[PDB]
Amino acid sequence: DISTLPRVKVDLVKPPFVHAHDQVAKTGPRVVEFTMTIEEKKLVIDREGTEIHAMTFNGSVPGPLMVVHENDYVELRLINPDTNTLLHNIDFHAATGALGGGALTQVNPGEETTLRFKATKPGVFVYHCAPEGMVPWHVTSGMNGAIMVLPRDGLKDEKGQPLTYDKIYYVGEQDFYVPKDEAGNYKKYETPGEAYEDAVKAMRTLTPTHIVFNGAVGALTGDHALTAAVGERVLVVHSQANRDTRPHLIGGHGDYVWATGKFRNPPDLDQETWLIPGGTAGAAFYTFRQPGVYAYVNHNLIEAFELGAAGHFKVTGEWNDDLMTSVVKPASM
């Protein structure tokens, strides 16, 4: 009887950051309440000034990471303000029934709805907008995120022993298909409806123009680099709603990886690179052992370094010469 369970209201945070939560559940099952507001907005995605009409959950690409525990109830209030122009909804891959919620959450501008579902399966899952006849257009305009359903006793390794992360980050990888003129320049539009017909043609090539983390080329670099220290245990959650990716931490590894993201499965160990299929979220656990700059990339290196799928970690601490050292520095023969 859902009437009698405890409730908790959670306020979401902007990716790559994740809202506060407990790894090991301290309470019994709860109704966890979230609110998202849909926001259509112009977004600049590269250094040359390319602009698109992004379609967002809560103003970000990706939308925010939600965190609950197995057998919690997720109650989402979804608001589509009358400043928007399109119909939207939400499909949770974590949910059972009604196209993941999409059939029950159709809201025109000016409408809201509240959905509840039971988180019966632990893992990281994609959520995304999926309106009938316009699914890939909404998804590839940035209208996707992820939800994590932790086991009630937290993460465990391949031998059933506890794994505990010190930091968690969320990297949402987005494939964009920006329309082009005859010469190859990107087009601009005053409204999303205006872009629709060209967008469909651009999607059919199956060749993205940009592939980005956190909504833009270089978004997770410079001062927006991810941070950690030597000895810290980091969980990196990574989603791709539409297209396969192959993450890789340059200078590191995935010590424990759930590539398809479902925690009842034992993790893969010692991965250099792993495949996250389009429509899936994965998680990798790593303990940093060396300081410095790491790159975190889709290891199609054209996708990484030419089209934008590359971020950084800045890691502090002491260098360990036993793991690696320069015996003879670059010099003349």
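The first residue of the shown sequence is 1; numbering continues from there. Only the largest set of C-alpha atoms that superpose within 1.5 Å between the two forms is called the rigid core.
Peer 1: After a core fit, does 136-144 or 194-202 show the bigger CA gap to the shown form in 7 other deposited structures of this protein?
Peer 2: Looking at 194-202 versus 136-144 in 7 other deposited structures of this protein, the farther one turns out to be 194-202.
Peer 1: Which of these two stretches, 159-167 or 100-108, has the larger RMS Cα offset in 7 other deposited structures of this protein when the rigid core is kept aligned?
Peer 2: Once the core is superposed, the stretch further away in 7 other deposited structures of this protein is 100-108.
Peer 1: If you average the Cα B factors in the entry, which is higher, 159-167 or 258-266?
Peer 2: The stretch with the larger mean CA B-factor is 159-167.
Peer 1: Between 209-217 and 188-196, point out the one with the higher average CA B-factor as the PDB entry records it.
Peer 2: Mean CA B-factor is higher for 188-196.
Peer 1: With respect to the C-alpha temperature factors reported in the PDB entry, which of 180, 238, 253, 88 ranks highest?
Peer 2: The listed residue with the largest C-alpha B-factor is 180.
Peer 1: C-alpha B factor of residue 59, ranked within the chain: lowest, middle or highest third?
Peer 2: CA B-factor rank for residue 59: middle third.
Peer 1: Among all modelled residues of this chain, ranked by Cα B factor, put residue 150 in the bottom, middle or top third, i.e. lowest, middle or highest.
Peer 2: Lowest third, going by the recorded CA B-factors of the chain.
Peer 1: When the modelled residues of the chain are sorted by Cα temperature factor, does residue 231 land in the lowest, middle or highest third?
Peer 2: Middle third by C-alpha B-factor.
Peer 1: Considering only modelled residues of the same chain, in which third does the CA B-factor of residue 244 rank: lowest, middle or highest?
Peer 2: CA B-factor rank for residue 244: lowest third.
Peer 1: Among the modelled residues of its chain, does the C-alpha B-factor of residue 134 lie in the lowest, middle or highest third?
Peer 2: Its C-alpha B-factor, which the entry lists for residue 134, ranks in the highest third among residues of this chain.
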